[PDB]
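Participant: Experimental structure and sequence below, a few questions after.
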Amino acid sequence: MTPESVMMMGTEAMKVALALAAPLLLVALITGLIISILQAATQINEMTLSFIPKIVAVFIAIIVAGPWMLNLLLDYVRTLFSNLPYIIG
Amino acid sequence: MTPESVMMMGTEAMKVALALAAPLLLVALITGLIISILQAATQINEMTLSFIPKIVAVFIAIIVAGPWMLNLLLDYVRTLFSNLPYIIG
Amino acid sequence: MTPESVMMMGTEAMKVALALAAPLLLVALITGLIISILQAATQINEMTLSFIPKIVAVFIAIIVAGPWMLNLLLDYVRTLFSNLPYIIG
Amino acid sequence: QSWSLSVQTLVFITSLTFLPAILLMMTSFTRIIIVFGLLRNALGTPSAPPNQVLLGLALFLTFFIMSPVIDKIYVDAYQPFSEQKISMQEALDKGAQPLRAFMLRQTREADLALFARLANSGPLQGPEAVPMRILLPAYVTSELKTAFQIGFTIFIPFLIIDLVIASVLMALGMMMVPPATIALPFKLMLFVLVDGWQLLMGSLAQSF
Amino acid sequence: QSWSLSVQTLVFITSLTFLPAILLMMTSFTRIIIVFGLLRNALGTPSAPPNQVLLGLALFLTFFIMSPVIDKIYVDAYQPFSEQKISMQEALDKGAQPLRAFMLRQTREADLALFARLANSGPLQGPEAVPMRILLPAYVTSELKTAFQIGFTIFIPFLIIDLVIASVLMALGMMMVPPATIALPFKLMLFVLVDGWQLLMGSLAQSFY
Amino acid sequence: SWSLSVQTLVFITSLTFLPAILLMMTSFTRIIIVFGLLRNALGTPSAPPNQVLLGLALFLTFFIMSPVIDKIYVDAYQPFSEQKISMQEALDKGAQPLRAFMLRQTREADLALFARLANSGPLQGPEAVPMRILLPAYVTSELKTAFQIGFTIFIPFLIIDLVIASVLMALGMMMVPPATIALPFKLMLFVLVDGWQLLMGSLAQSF
Amino acid sequence: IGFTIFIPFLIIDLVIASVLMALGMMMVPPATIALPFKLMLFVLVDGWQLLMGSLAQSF
Amino acid sequence: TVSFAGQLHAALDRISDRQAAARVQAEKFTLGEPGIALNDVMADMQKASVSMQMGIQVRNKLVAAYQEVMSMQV
Amino acid sequence: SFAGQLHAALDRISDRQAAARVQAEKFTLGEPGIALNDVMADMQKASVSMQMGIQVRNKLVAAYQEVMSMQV
Amino acid sequence: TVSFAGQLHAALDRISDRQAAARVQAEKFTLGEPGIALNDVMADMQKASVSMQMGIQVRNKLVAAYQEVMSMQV
């Protein structure tokens, strides 16, 4: 009820969002950086060949860590809906 | 449902998507890489060289593999709709 | 209709698309490649100088071939809308 | 057996209540309306022809297409009823036949089989005895499928135009130039040059 | 032969409901608002003047365009109606003729022929004998085609500006600069200096003649 | 004076056209178009809500109509109570300040066009322009004025965007989009110079 | 039922967007090109008939 | 070629004709005409009223159908 | 023009109402030469005219709202 | 095999037979056919009116319900 509880609500929610999005974004960033440094080493420059492995890497990311995200988000939503009638004002 | 009754279905769907999009992306990347390497070997300074080889390669790949991808997608969607009544339980 | 009919319709569609684009794309590619080869041979290190001639070439193509790309496309469209009552089934 | 006059006018007014449903699910209004909406979406102009203009055009096209069926109903069913030759029940039964024939002409056997098997109907010999409760949903489904087919086919030339302009812009290096702004005037020009409106209405009429 | 007063009142109030339909399918309005719907797209601002402002401006322009037709209807048909020298049926028959002529002069022959063929009508001796059921949808079709022609022609100078600005941006190596935001103020410049609104309305009014 | 019931009918009917009166007769279109163009200038098409822009334009319209409202109160609101003038002579008398305002804000070319659109040859004097010719001409003049003000607003933001892109290109960067860098600088320029208050002051001065 | 009806159209959207952007034309709107293909998929599968069959067999 | 406008005109003409006949008969009866009876006058007036009410109801249903059809989002 | 015709129609309706009201007022005072049936008929005619005006206003307002709600 | 249109047709026909029977009974009584009593004539007429009013109310409820079901935003 108190504004401290509200702002905590937003923080924990958006940290959950950060945890959900961090693996995919970080995998894409690492793949892009690796392809870019390889291009710099080989002196190859086409703006389209960096887009190819990124999709494959990010799609594999759901294969490997997808169940973890799905279990984390469901637990968050379940706990939020269960604690809903105790943060009422 | 269950996270699994959902993760397995999503994994199958994105396997279908990956199979559908693999030939086009592969030929696009190969053509772009070949043109870029040829450009670097001759030290030609240009960025728009690869686009037309990319477009003709994708066009030819579509012409060659259209029946296969279309049939695979049609069959996947047909089995999904047939299995839909049993998905709910 | 059968999927094969859709493939044939798309085949004539992208054939018309390629016929439309090639008069322009080919001349743009030729101009860009010629300018880039001259630049590499003369070591005039500046990419943006390849852009100015291309437009003119493209524009030249239009004023030399604009009618044809205007006419052929119509000869397709007037057929397609006239085949509308015979593709259903 | 003839209904009394008060019952007759009660039936008449109650049937007049169901007029939009008959127009949508028994005539060619639905297919024309769906094709018009898809065409409007296809030109990149989501609100250029106002909804009322397209609705009026679809209504007039439907009236013209269904003029033979209405003439058959008038000659065979309504005219004897208006001259007191036949009762309202038999007049309605006779008027059902031409509309039923028209709807059967534009339905797909697979959908009819689906609705017959779903409704647990017994084997039916020929098209002569198919209940209206079975034919109406099958005809609606067939109309939806045909309308989507026509719209998807219509979507092709504008796709060609969009792809060719996008490729022309991209081969020039113009990486951040959006192709919709350049494609919309050329879509309008293409539709104008081929006499698009009358050609599309003629194609819709010919398919019926 | 004249209708009763109750029937006349019923018919008048019933026909009062078709006012938007008559305005769209029989007057100039359809050609005007549609062009506006495209002009706001050409300027690069879909927001543009608000929708109601454009609609009311189109309504005023339509009234100014149909002033001769309205005057002829008032003189030939409605004046004897008010001065009791005509019935409602004869007034309806007589007042539509100037509006039918106005619709016919902007009707393309191909669309009229298409709707005749589609109604299986007999040989029409001359324009004067064309049924309204055939003239209305054909007029709407020709109206749509003409509005699209005007809109595409309008789309030209702004395309010129966009192409010139994009070419200037790319010739300087400024490839990562979106030219739409840069070219929008210059489109507003072009519409202001040339007096785009007044010129466009004058062109539309002259086009209907 | 005609019947009270007819007066009620006419009053409630005229109440319907209130958005039409606000848009076509007052200046509301000008402020709303200026706000839309300014929002398009900063690069954020949803930064202030449409509701807030509409309400701000409404308040600006109320102030800038306050002199005309006062003239209406003097010529119509007061004498309708003292019954020196009422019904006809007054509604028109009260509408006269609106006519003066719209004559002031209307260009001559639009009025000339709309007169030759109505075959009104003997319109010689400038205080006897009919409402049918005055209204759409006033709306078109307002559209032109709003577009001009929008371009004037556009000029400094376009300059800032061009400067940012030029410095990015000169510094060696060829891939960085200048919009992301230039957006906060556009905002800090807009706030630091206090763009909003001067904009409203100029709009009030713009009449 | 709805969230799994959504799946094939998302597949088509993602495939078309990926192909378009990887090819280079990243300024095109993928949904505009994708809509005709969604209609094609719906009509070549017999989407309406199969959907009615599934809805009936859900009971 | 059956046209709906023709049918509507015919129905309106029939309603008007019935109303006019009833009105004329009542006017003649008021003027003391011998060969007209009061019961016939009242019955004809009631029949004309019934016919006009039927016309009004049909018009209402038609207007409702038209306003429903023209309110679509196409 | 159109506003003039609307003004004329409103004036005619109000003149109807005023004439009926004045006749009823004169008859209330007991003035001779005014009969009850004429008063009632005039009152009913005024009511019919006013209802016609109301209906015309409703149709015109509905038409204006429908026109102004279009998506340009 | 239950069809709602069939039941509506049956109820409408039953109302029609009741009305026709009452009409024919009144017709025969007017022609002076022995064996018909006035009280039964009036009673059957009132029963026919009750049946028709019940049909009217059922139709009103069904039409209202159909319009409420058919106007929802899908």
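Facilitator: Structure's in. What do you need? Numbering: from 1, shown residues only, chains lettered A, B, ... in the order given.
Participant: Which secondary structure state does the residue of chain A found nearest chain C sit in?
Facilitator: When scored by Cβ to the nearest Cβ, chain A has residue A:45 as its residue closest to chain C, at 10.6 Å. All C-beta atoms are positioned from the backbone trio N, CA, C, and that covers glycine. Using DSSP: H, G, I helix; E, B strand; the rest coil as the criterion, the local structure at residue A:45 reads coil.
Participant: need the contact list for it.
Facilitator: Contact analysis of residue A:45 by Cβ atoms under 8 Å, 6 or more residues apart in numbering or on different chains lists A:39, B:36, B:47.
Participant: Near the second one, how many other residues are there?
Facilitator: Right, the one you point to is residue B:36. By the other Cβ atoms under 10 Å in any protein chain shown criterion, the neighbourhood of residue B:36 contains 20 residues.
Participant: How about the residues of chain D by chain J?
Facilitator: D:2, D:3, D:4, D:6, D:7, D:10, D:11, D:14, D:17, D:21, D:133 (Cβ under 8 Å from any Cβ of the partner chain).
Participant: what's the closest of those residues to residue D:160?
Facilitator: Distances from residue D:160 to those, taken as Cβ to Cβ, are shortest for residue D:21 (38.9 Å).
Participant: Now do the phi/psi pair for residue A:87.
Facilitator: Dihedral pair for residue A:87: phi -120, psi 30, per degrees, to the nearest 10.
Participant: re the thing from before, distance of the residue of chain A closest to chain C from residue D:173?
Facilitator: 14 Å (Cβ to Cβ, to the nearest Å).
Participant: Give me the common contacts of the two.
Facilitator: Residues touching both residue A:45 and residue D:173 (Cβ under 8 Å, 6+ apart) are residue B:47.
Participant: restrict the contacts of residue A:45 to contacts with chain G.
Facilitator: Checked against chain G using Cβ under 8 Å from any Cβ, the contacts of residue A:45 give no members in range.
Participant: between those, which is closest to chain D?
Facilitator: Nearest to chain D, judged by Cβ to the nearest Cβ, of the contacts of residue A:45 is residue B:47 at 6.5 Å.
Participant: which residues does the closest one contact?
Facilitator: Residue B:47 makes contact with A:45, A:46, A:47, C:47, D:173 under the criterion Cβ under 8 Å, 6+ apart.
Participant: repeat for residue H:14
Facilitator: Contacts for residue H:14 (Cβ under 8 Å, 6+ apart) come out as residue H:51.
Participant: ok, now residue D:74?
Facilitator: With contact set as Cβ under 8 Å, 6+ apart, residue D:74 has these partners: residue H:2.
Participant: Can you report phi and psi for it?
Facilitator: Dihedral angles of residue D:74 (phi, psi; degrees, to the nearest 10) stand at phi -60, psi -50.
Participant: Tell me the spacing between it and residue D:94.
Facilitator: With distances taken as Cβ to Cβ, residue D:74 is found 11 Å from residue D:94.
Participant: Residue A:44 too?
Facilitator: From residue A:44 to residue D:94 the distance is 79 Å (Cβ to Cβ).
Participant: now swap in residue D:149 and tell me
Facilitator: Distance from residue D:149 to residue D:94, by Cβ to Cβ: 34 Å.
Participant: So for those two, which residue has more residues nearby?
Facilitator: Neighbour count, other Cβ under 10 Å: between residue D:149 and residue D:94, residue D:149 has more, with 24 against 17.
Participant: Phi, psi for the more buried one please.
Facilitator: Note on residue D:149: its backbone torsions stand at phi -60, psi -50 [degrees, to the nearest 10].
Participant: Does it touch residue C:84 like I think?
Facilitator: No: using Cβ atoms under 8 Å, residue D:149 is not in contact with residue C:84; the gap is 9.1 Å.
Participant: Is the residue located most distally from the centre of chain D part of a helix or strand, or is it coil?
Facilitator: For chain D, the residue at maximal distance from the C-alpha centroid (Cα atoms, centre = their mean) is residue D:173, at 45.5 Å. Using three-state DSSP, the structure places residue D:173 in coil.
Participant: What is the neighbour count of residue H:37?
Facilitator: 11.
Participant: For it, which non-adjacent residue is spatially closest?
Facilitator: Among residues not flanking residue H:37 along the chain, residue H:29 sits closest, at 7.9 Å (Cβ to Cβ, 6 or more residues apart in numbering or on different chains).
Participant: That neighbour sits in which helix or strand?
Facilitator: Here residue H:29, judged by DSSP states H and E, is contained in helix H:4-30.
Participant: next helix or strand past whichever strand or helix holds residue D:22?
Facilitator: Element membership of residue D:22 [criterion: DSSP H and E] is helix D:19-26. Following helix D:19-26 in sequence order, the next helix or strand is helix D:29-42 (DSSP H and E).
Participant: how about that next one, does it reach chain I?
Facilitator: No: with Cβ under 8 Å from any Cβ as the criterion, chain I is not reached by helix D:29-42; the gap is at least 11.1 Å.
Participant: Can you tell me the SS state at the residue in chain D positioned nearest to chain F?
Facilitator: Nearest to chain F, among the residues of chain D, is residue D:176, at 8.2 Å (Cβ to the nearest Cβ). Counting by three-state DSSP, the backbone at residue D:176 sits in coil.
Participant: what sits against it?
Facilitator: Going by Cβ under 8 Å, 6+ apart, residue D:176 touches E:175, E:176, E:177, E:178, E:179, G:27.
Participant: tell me the angle the longest helix out of those in chain A makes with helix B:4-41.
Facilitator: Using DSSP state H, we find that the single longest helix of chain A is helix A:3-42. Inter-element angle recorded for helix A:3-42 and helix B:4-41: 40 degrees (by axes from the mean of the first three to the mean of the last three Cα atoms, to 10 degrees).
Participant: Next, count neighbours for residue A:30.
Facilitator: For residue A:30, using other Cβ under 10 Å, the count is 12.
Participant: Spatially central residue in chain A, please.
Facilitator: Taking Cα atoms, centre = their mean, the centroid of chain A lies closest to residue A:21, which sits 0.8 Å from it.
Participant: Let me fix that, I meant to ask about chain H.
Facilitator: residue H:15 (2.8 Å).
Participant: which residues sit in contact with that residue?
Facilitator: Applying Cβ under 8 Å, 6+ apart, the residues contacting residue H:15 are E:4, E:7, H:48, H:51, H:52, H:55.
Participant: how much space between the last one and residue D:7?
Facilitator: So that's residue H:55. As defined by Cβ to Cβ, residue H:55 lies at a distance of 19 Å from residue D:7.
Participant: try the third one
Facilitator: Relative to residue D:7, residue H:48 is positioned 22 Å away (criterion: Cβ to Cβ).
Participant: Those two: which is more packed in?
Facilitator: Neighbours per residue (other Cβ under 10 Å) separate residue H:48 from residue D:7, with residue H:48 holding more: 22 against 19.
Participant: Pretty sure residue D:7 sits against residue J:19.
Facilitator: Yes: between residue D:7 and residue J:19 there is a contact under Cβ under 8 Å: 7.0 Å.
Participant: residues bridging contact with the two, i.e. touching both?
Facilitator: residue J:52.
Participant: tell me which element residue D:14 falls in.
Facilitator: Per DSSP H and E, residue D:14 falls inside helix D:5-17.
Participant: is chain H contacted by that helix?
Facilitator: Yes: using Cβ under 8 Å from any Cβ, helix D:5-17 reaches chain H at D:9, D:12, D:13, D:16, D:17.
Participant: got the contact list for residue D:106?
Facilitator: Applying Cβ under 8 Å, 6+ apart to residue D:106 gives the contacts D:28, D:139, D:142, D:143, D:146, D:208.
Participant: hmm, back to that, correct me if wrong: the residue nearest to residue H:37 contacts residue H:36.
Facilitator: Yes: between residue H:29 and residue H:36 there is a contact under Cβ under 8 Å: 4.4 Å.
Participant: can you list the residues of chain D near chain E?
Facilitator: Within chain D, the positions adjacent to chain E are D:45, D:47-50, D:52-53, D:56-57, D:60-61, D:63-65, D:67, D:172-178, D:181-182, D:184-185, D:188-189, D:191-192, D:195-198, D:201-202, D:205 by Cβ under 8 Å from any Cβ.
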